[PDB]
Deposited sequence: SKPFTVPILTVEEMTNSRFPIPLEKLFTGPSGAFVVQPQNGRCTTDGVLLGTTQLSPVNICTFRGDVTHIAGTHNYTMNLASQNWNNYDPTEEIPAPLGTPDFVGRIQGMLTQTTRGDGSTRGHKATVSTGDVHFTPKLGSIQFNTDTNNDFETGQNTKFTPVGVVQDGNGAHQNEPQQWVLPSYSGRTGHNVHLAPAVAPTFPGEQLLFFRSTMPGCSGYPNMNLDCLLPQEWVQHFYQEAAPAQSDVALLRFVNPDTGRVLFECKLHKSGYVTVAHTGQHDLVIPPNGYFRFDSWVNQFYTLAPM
């Protein structure tokens, strides 16, 4: 039976699975005051993708499709295509197109477009507000606010590349743990990856944390994912069968050979540590995770 493994990449060598930016650090904190239900970076240890999770680190929070100008505004409606430009299908049993942002906030980036005939191209700063009434990606359309009211053409391939977040009380947006309504006010979310929470006394989620670029105002730029994108890619390929519900990982300093801490990688795809309170883990930059064994549901971790 094929042995389970995690990548030996260090934290700084890996990518956030909820936004296309590098991981910076490990963070643990209490999460009782909210619902932890991200839809990107969701994958089982035996390699089944969940929620809106797809395999590309650079297609996260991107959109593709065609655009139509909204008269008398600087806004454009995008009718979504799939990430490979064929028709988008709302009957596929996912919450939204794969890689759709999984938090409420205003994401700024650029809309770019190519005219098929002559290869002319154009690019404009654009912002999508995932909390607004027009954010209905599951229905196949979303709205952008842009810096132009006339440059974009109809019936031409258009891409949104995310860059960062904006805010207009400080750090009151984005809300990284609030899911958008993928069908807007017209419906409720469907086929979600489940909420996650520690269930063992003294345990907290371990988050893989990045700082999103801010493009305006005073945004909350903290972004926590449950699994590095490289781990999603790894499990997807390996598809190693899980021999219990909990994989024991040791975080190791490869120079000293010493274990810094141990943690539980849950089969359904998230990590817990034995700690209480908010804490930025102190780790050597060469540190990495090592799978050591499958353990039962009642395994007591050495305290972090």
- Non-modelled portions of the deposited polymer sequence, in sequence order: 169 to 171
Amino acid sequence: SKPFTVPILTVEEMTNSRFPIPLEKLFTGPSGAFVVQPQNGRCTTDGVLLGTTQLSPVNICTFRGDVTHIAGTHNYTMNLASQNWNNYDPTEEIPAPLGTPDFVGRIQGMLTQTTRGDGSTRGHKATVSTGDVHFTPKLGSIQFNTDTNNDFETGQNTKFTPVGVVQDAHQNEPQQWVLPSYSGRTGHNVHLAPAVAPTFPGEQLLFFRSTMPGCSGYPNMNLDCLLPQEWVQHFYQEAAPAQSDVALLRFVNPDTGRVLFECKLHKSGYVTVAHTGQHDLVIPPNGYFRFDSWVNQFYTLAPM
From here on, numbers count along this sequence of modelled residues.
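For clarity, a rigid core is taken as the largest C-alpha set superposing within 1.5 Å between two forms.
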- Note: with structures superposed on the core, the stretch whose C-alphas sit farther off in 5 other deposited structures of this protein, 98 to 106 or 181 to 189, is 181 to 189
- On average, are the C-alpha B-factors higher in 183 to 191 or in 113 to 121? 183 to 191
- Query: Got a sec? Mean C-alpha B-factor, which is higher, 62 to 70 or 269 to 277?
  - Reply: 62 to 70
- From the list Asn150, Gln229, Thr161, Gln204, select the residue with the highest C-alpha B factor recorded in the entry. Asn150
- Name the one of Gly155, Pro213, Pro101, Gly140 with the greatest CA B-factor according to the PDB entry. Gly140
- Message: Sorting by Cα B-factor within the chain, modelled residues only, which third would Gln233 end up in: lowest, middle or highest?
- Response: lowest
- Rank-wise, by C-alpha B-factor, drop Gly257 into the lowest, middle or highest third of its chain. highest
- Message: Based on the deposited C-alpha B factors for this chain, I'd like to know if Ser56 is in the lowest, middle or highest third.
- Response: lowest
- Determine, from the deposited record, the chain-internal third of the Cα B-factor for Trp85: lowest, middle or highest. highest
- Query: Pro38's Cα B-factor: lowest, middle or highest third of the chain?
  - Reply: middle
